[PDB]
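A single chain, nothing else alongside it, follows as structure tokens in the form deposited in one PDB entry.
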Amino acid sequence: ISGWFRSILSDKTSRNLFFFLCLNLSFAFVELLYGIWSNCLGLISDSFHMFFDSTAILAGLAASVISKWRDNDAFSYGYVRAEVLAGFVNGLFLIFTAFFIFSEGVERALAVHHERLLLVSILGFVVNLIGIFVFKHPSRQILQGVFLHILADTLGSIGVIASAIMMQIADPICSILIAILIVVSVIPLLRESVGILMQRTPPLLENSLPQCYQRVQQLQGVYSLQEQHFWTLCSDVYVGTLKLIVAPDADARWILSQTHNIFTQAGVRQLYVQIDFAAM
């Protein structure tokens, strides 16, 4: 408790991340309070969206600290996949609520102005501009999604600025607009996470695999290639398996070393080559 209070003072980038998440959570609480006091659905939607952006950053940190952990009998590959899972979960929790936001919009669109202090929208604009300025420059699929979501938050704050200045009802249209923006923002992160979780061939490995297969086929005494499976374990960590059929007298040591060289040059960290001697 007290150790974490003094630890972030020693470092600088972790202190900046702490300021990021703390301001996000504080302003999310503020927007939720004001949207409860008022009836600003756009403000409530931005609160929920950012609320979940801050949870995305926190879950990314938790996923990193869990992925640091060791492997064991149950988890032979380690807890690295949690990283991917975290991102995926974020997208799901970003697609559910936004869609539900859609609901409140169109519902209201069919069947409580309370201006009070509607000027907090420009404050949200300033905060989101600061956030995207700080984040303008294995943590690939943890913070890229967060960057996309804070860009969407800036656009949504612009939208709620428009809704507020129109209020002086254009609230349901901005609600469905931010819902569409959130969905289109979470499409690519969800696509990457789905690709990894579906045991798909790594996209950075796809175009170099026919060349690898041709080079492996050229090895002396190799007859055919079977059952080639390649997938992404986590960021830049690829797992590959293949079964070679070889001549009945083939040099299996040499073929194993050459196949491992061929696939190591292509970026496959873990490779499993099963060599089967043919009858003829």
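Under this definition, the rigid core comprises the largest set of C-alpha atoms superposing within 1.5 Å between the forms. Just count from 1 along the sequence shown to find any residue number.
This protein has a second form, the form deposited in another entry, left out of what is shown; the following refers to that one.
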Scan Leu204, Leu117, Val184, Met198 for the one whose CA shifts by 2 Å or more between the shown form and the other one after superposing the rigid core, and name it. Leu117
Threshold 2 Å Cα movement between the shown form and the other one for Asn24, core superposed: yes
State yes or no: after fitting on the rigid core, is the Cα displacement of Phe147 between the shown form and the other one at least 2 Å? yes
Flag for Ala59, CA shift 2 Å or larger between the shown form and the other one after aligning core: yes
Closer or farther apart in that other deposited form, the C-alpha atoms of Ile44 and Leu92, for a change of 3 Å or more? farther
I want to verify one pair: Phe93 and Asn128. Are their C-alpha atoms nearer or more distant in that other deposited form compared with the form I supplied, knowing the change is 3 Å or more? closer
